[PDB]
Amino acid sequence: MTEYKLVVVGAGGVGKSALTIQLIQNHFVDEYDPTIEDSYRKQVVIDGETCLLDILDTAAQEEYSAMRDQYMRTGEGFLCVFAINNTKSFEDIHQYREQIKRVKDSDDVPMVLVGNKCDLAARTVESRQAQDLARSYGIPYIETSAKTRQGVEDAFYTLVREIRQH
Ligand SMILES: Nc1nc2c(ncn2[C@@H]2O[C@H](COP(=O)(O)OP(=O)(O)O)[C@@H](O)[C@H]2O)c(=O)[nH]1
Ligand SMILES: [Mg+2]
Ligand SMILES: [Mg+2]
């Protein structure tokens, strides 16, 4: 059975944990320890193929733990997440991608840009800006809401489909 190692990265508070938990348990967690970094597993069928997803939900920033180094270099695909109502988290994306491009020693890494918290009013980051950024990286842009579950499966499944084109 094919396994896909995914790594969720992004600034603190953007919803990396909420997105993962939504995908794994189908519920929205309002408060999940911001410091807990762990991997979760899920068997699913994508485009007729039964596969296992090994997802690392990252936490600490500027830190380098043993489990993350491995998943960072062994990670096959990355979900780069920012929040639609957090301009700084969006501006921060550049750093996360430069980071991945180094560890992978390549600018062609399976990746999906994710604009989360799309259930919230008065966004400060326009879909257009994110589309522009994703286009410059040559990757897809998908908006999600860990709260309503909108786009969550699309985000993770599209990343699996990107790992497949590699
Ligand atoms: N309204 C809304 N809140 C969200 C969403 N995703 C996460 N949150 C909230 O944002 C906060 C941080 O989310 P969390 O998953 O812990 O962030 P992480 O630090 O990136 O793991 C929590 O209070 C969540 O309830 C979303 O899609 N919509
Ligand atoms: Mg978290
Ligand atoms: Mg493509």
# chains A, B, ... in the order shown; residues from 1 in each chain; ligands from 1
>>> select_by_dssp(residues="chain A", states="strand (DSSP E)", output="PyMOL selection string")
chain A and resi 2-10+38-46+49-57+77-83+111-116+141-143
>>> residues_near_ligand(ligand="ligand 1", cutoff="10 Å", atoms="only C-alpha atoms and all ligand atoms", output="VMD selection string")
chain A and resid 8 to 22 28 to 37 57 to 60 81 to 85 89 115 to 121 143 to 152
>>> select_by_dssp(residues="region 1-150 of chain A", states="helix (DSSP H, G or I)", output="NGL selection string")
:A and (16-25 or 66-74 or 87-104 or 127-137)
>>> residues_around(residues="residue 98 (chain A)", least_positions_apart="6", cutoff="12 Å", atoms="only C-alpha atoms", output="list in words")
residues 80, 92, 104, 105, 106, 107, 108, 109 and 137 of chain A
>>> write_last_selection(atoms="N, CA and C atoms", output="compact mmCIF listing (two decimals), in the first residue's frame")
# COMPACT_ATOMS: atom_id res chain seq x y z
N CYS A 80 1.85 24.41 2.72
CA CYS A 80 2.36 25.67 3.30
C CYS A 80 1.14 26.51 3.62
N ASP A 92 5.17 35.54 5.67
CA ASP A 92 6.07 34.51 6.19
C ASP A 92 6.27 33.30 5.27
N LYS A 104 15.72 20.24 0.48
CA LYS A 104 15.49 19.40 -0.70
C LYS A 104 16.50 19.66 -1.81
N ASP A 105 17.23 20.76 -1.69
CA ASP A 105 18.22 21.14 -2.70
C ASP A 105 17.54 21.13 -4.06
N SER A 106 16.35 21.72 -4.12
CA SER A 106 15.57 21.78 -5.35
C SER A 106 14.44 22.79 -5.25
N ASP A 107 14.06 23.37 -6.38
CA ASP A 107 12.98 24.34 -6.40
C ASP A 107 11.75 23.69 -7.03
N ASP A 108 11.80 22.36 -7.11
CA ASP A 108 10.71 21.57 -7.66
C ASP A 108 10.32 20.53 -6.62
N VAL A 109 9.56 20.97 -5.63
CA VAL A 109 9.13 20.11 -4.54
C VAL A 109 7.60 20.11 -4.46
N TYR A 137 5.61 30.34 -7.60
CA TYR A 137 6.29 29.15 -7.10
C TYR A 137 5.98 27.95 -7.99
>>> residues_near_ligand(ligand="ligand 3", cutoff="9 Å", atoms="only C-alpha atoms and all ligand atoms", output="compact mmCIF listing (two decimals) with C-alpha atoms, in the first residue's frame")
# COMPACT_ATOMS: atom_id res chain seq x y z
CA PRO A 110 5.51 18.89 -4.23
CA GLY A 138 4.60 27.00 -9.73
CA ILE A 139 2.21 25.42 -7.20
CA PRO A 140 -1.55 25.26 -6.54
CA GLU A 162 1.20 16.75 -6.64
CA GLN A 165 3.30 14.22 -10.69
>>> closest_residue(among="A:56, A:159, A:23, A:46", to="ligand 2", atoms="only C-alpha atoms and all ligand atoms")
A:56
>>> decode(residues="region 38-53 of chain A", atoms="N, CA and C atoms", output="PDB file, in the first residue's frame")
ATOM      1  N   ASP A  38       3.421  16.571  16.190  1.00  0.00           N
ATOM      2  CA  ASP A  38       3.363  15.121  16.075  1.00  0.00           C
ATOM      3  C   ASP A  38       2.850  14.669  14.713  1.00  0.00           C
ATOM      4  N   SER A  39       2.989  13.376  14.442  1.00  0.00           N
ATOM      5  CA  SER A  39       2.546  12.818  13.175  1.00  0.00           C
ATOM      6  C   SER A  39       1.268  12.019  13.379  1.00  0.00           C
ATOM      7  N   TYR A  40       0.388  12.093  12.390  1.00  0.00           N
ATOM      8  CA  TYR A  40      -0.882  11.397  12.447  1.00  0.00           C
ATOM      9  C   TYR A  40      -1.036  10.580  11.181  1.00  0.00           C
ATOM     10  N   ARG A  41      -1.742   9.463  11.284  1.00  0.00           N
ATOM     11  CA  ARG A  41      -1.925   8.588  10.135  1.00  0.00           C
ATOM     12  C   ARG A  41      -3.379   8.441   9.725  1.00  0.00           C
ATOM     13  N   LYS A  42      -3.600   8.208   8.437  1.00  0.00           N
ATOM     14  CA  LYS A  42      -4.957   8.041   7.933  1.00  0.00           C
ATOM     15  C   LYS A  42      -4.950   7.248   6.636  1.00  0.00           C
ATOM     16  N   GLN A  43      -5.772   6.209   6.581  1.00  0.00           N
ATOM     17  CA  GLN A  43      -5.878   5.401   5.380  1.00  0.00           C
ATOM     18  C   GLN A  43      -7.052   5.980   4.610  1.00  0.00           C
ATOM     19  N   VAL A  44      -6.848   6.232   3.323  1.00  0.00           N
ATOM     20  CA  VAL A  44      -7.905   6.791   2.498  1.00  0.00           C
ATOM     21  C   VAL A  44      -7.782   6.299   1.060  1.00  0.00           C
ATOM     22  N   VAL A  45      -8.821   6.526   0.266  1.00  0.00           N
ATOM     23  CA  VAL A  45      -8.822   6.090  -1.116  1.00  0.00           C
ATOM     24  C   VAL A  45      -8.813   7.374  -1.920  1.00  0.00           C
ATOM     25  N   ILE A  46      -7.787   7.535  -2.743  1.00  0.00           N
ATOM     26  CA  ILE A  46      -7.664   8.725  -3.570  1.00  0.00           C
ATOM     27  C   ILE A  46      -7.558   8.292  -5.017  1.00  0.00           C
ATOM     28  N   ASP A  47      -8.521   8.734  -5.817  1.00  0.00           N
ATOM     29  CA  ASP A  47      -8.555   8.386  -7.226  1.00  0.00           C
ATOM     30  C   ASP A  47      -8.398   6.884  -7.435  1.00  0.00           C
ATOM     31  N   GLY A  48      -9.191   6.111  -6.697  1.00  0.00           N
ATOM     32  CA  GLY A  48      -9.177   4.662  -6.825  1.00  0.00           C
ATOM     33  C   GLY A  48      -8.044   3.903  -6.167  1.00  0.00           C
ATOM     34  N   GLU A  49      -7.092   4.626  -5.589  1.00  0.00           N
ATOM     35  CA  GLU A  49      -5.957   3.995  -4.942  1.00  0.00           C
ATOM     36  C   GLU A  49      -6.056   4.076  -3.422  1.00  0.00           C
ATOM     37  N   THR A  50      -5.897   2.941  -2.755  1.00  0.00           N
ATOM     38  CA  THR A  50      -5.948   2.934  -1.301  1.00  0.00           C
ATOM     39  C   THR A  50      -4.548   3.293  -0.830  1.00  0.00           C
ATOM     40  N   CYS A  51      -4.437   4.338  -0.023  1.00  0.00           N
ATOM     41  CA  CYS A  51      -3.131   4.741   0.458  1.00  0.00           C
ATOM     42  C   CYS A  51      -3.128   5.220   1.900  1.00  0.00           C
ATOM     43  N   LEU A  52      -1.937   5.319   2.472  1.00  0.00           N
ATOM     44  CA  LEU A  52      -1.801   5.761   3.847  1.00  0.00           C
ATOM     45  C   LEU A  52      -1.144   7.124   3.830  1.00  0.00           C
ATOM     46  N   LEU A  53      -1.651   8.031   4.652  1.00  0.00           N
ATOM     47  CA  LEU A  53      -1.075   9.366   4.745  1.00  0.00           C
ATOM     48  C   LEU A  53      -0.383   9.458   6.097  1.00  0.00           C
TER      49      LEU A  53
END
